[PDB]
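# show me the folded form of this:
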Amino acid sequence: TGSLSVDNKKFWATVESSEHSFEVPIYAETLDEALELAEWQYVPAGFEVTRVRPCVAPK
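Residues are numbered from 1 along each chain as shown. Have a look at this structure:
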């Protein structure tokens, strides 16, 4: 499903490294929650979560 932002608060945490900045779908209520979610869940992701943005899309 390309439209995974189905009503749930989908966020994109920019997990960045020197070579490339990545993004993984965070699911939280607020942006602060999404933000901690990244730095919380994204430890074994390798990259460093530099940003978190709201997808806030129905698709």
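# can you give me the helices for this protein?
Secondary structure of the chain (DSSP state H): helices at 31-41.
# quick one: the strands in it?
With DSSP state E as the criterion, the chain has strands at 10-16, 21-27, 48-54.
# TSV for those strands, including distance to residue 40?
All C-beta spots, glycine's among them, are computed from the backbone N, C-alpha and C. Compiled in TSV, the strands of the chain are given as follows (distance: least, C-beta to C-beta, whole Å):
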stretch	distance to residue 40
strand 10-16	10
strand 21-27	10
strand 48-54	9
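# can you redo the ones you listed as TSV with distance to residue 34 and mean neighbour count?
Shown next, in TSV, are these (distance: least, C-beta to C-beta, whole Å; neighbours: other C-beta atoms under 10 Å):
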stretch	distance to residue 34	mean neighbour count
strand 10-16	4	20
strand 21-27	4	17
strand 48-54	5	17
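# stretch 30-37: how far from the chain's middle?
Taking the mean of its C-alpha atoms, stretch 30-37 sits 9 Å from the chain's own mean (C-alpha atoms, centre = their mean, to the nearest Å).
# tell me the buried residues in that stretch?
Within stretch 30-37, the residues that count as buried by 16 or more other C-beta atoms under 10 Å are 31, 33-35, 37.
# any residues touching it, and which ones?
9, 11, 13, 26-28, 52-54 (C-beta atoms under 8 Å, 6 or more residues apart in numbering).
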